[PDB]
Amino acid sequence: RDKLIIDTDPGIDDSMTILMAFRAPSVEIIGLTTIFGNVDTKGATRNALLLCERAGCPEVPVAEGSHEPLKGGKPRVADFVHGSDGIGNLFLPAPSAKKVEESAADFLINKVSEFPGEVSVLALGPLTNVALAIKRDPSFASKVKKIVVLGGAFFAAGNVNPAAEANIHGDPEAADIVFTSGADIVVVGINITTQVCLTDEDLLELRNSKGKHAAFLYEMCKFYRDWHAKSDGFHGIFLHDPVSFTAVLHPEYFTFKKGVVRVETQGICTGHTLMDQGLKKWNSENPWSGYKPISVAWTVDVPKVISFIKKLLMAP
């Protein structure tokens, strides 16, 4: 079993990913660390605690992270995508289980330091907790086995605005700290996730399936699917957080390009992710020179990724 920490802002697709991860036998979830984005940090914590209870694992630690990005100030949350409660306006009763005392940043440092080179981090939200861990412990990057990042848009339009994807836009400074940290990183951008979809027909197949959480998953997805229809004009949902989970377990379902990634932190392109493939020899140094490259998902085997996700979502 591969040790995994999920840093997340649940969040409808985050919730699908967490429930899938609990059902994946080759994965050991050692904790959930929460962040703002789809909902405020306190809402993300409440949802993560409820997911642990729903999965029949209320002992799995939930560590609450930063309430604000690194630059400071109250974050604007995607309630128009994930609902006011962050799980598609289901307004469910509060969990009985409680979060741990330590912050998400300290939890990340402690678990990674306890098992060096063995713990993988799946980052499903803004990268604030991961960047805080990197800044507080400068050896953190070298100790984490792998960091799989759902975020960015590589030579494709963003979802916040043309320039930026939501997780990166939520904390550009944190994202730039993570991408330049020297850790073994895999980045799954919008250029990849828009290729992997669950149509309305696929969602009905889930509702009618024998899946353990099929009814709950279908109910959350109604609001999420509605946003895709209203904004993207797509009748179904894009699978973003479940695609990054697929990249943890089955990196062979993708092809990757190695290159230095930088994040724009100011101006009209705040939150923009840009990779240097290194195919052109630059005449002089630039912001991409001297950093360690990271792995950027370039292609995706769509039938293989869809098959793997459907199998986990519909497992009894």
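Note that residue numbering begins at 1 and tracks the sequence as displayed.
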{"item": "Residue stretch of maximal mean CA temperature factor, 279 to 287 vs 255 to 263", "value": "279 to 287"}
{"item": "Higher-B stretch (mean Cα B-factor, as the entry records it), 39 to 47 or 23 to 31", "value": "23 to 31"}
{"item": "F179, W227, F115, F154, ranked by C-alpha B-factor: the highest one", "value": "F115"}
{"item": "Out of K99, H169, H82, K210, residue topping the C-alpha B-factor column of the entry", "value": "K210"}
{"item": "B-factor third for the C-alpha atom of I294 within its chain", "value": "middle"}
{"item": "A55 - Cα temperature factor, lowest/middle/highest third of chain", "value": "highest"}
{"item": "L4 by Cα B-factor - lowest, middle or highest third of the modelled chain", "value": "middle"}
{"item": "Third of the chain's Cα B-factor distribution that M16 belongs to, per the entry", "value": "middle"}
{"item": "Where the record places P75 (Cα B-factor, split into thirds across the chain)", "value": "middle"}
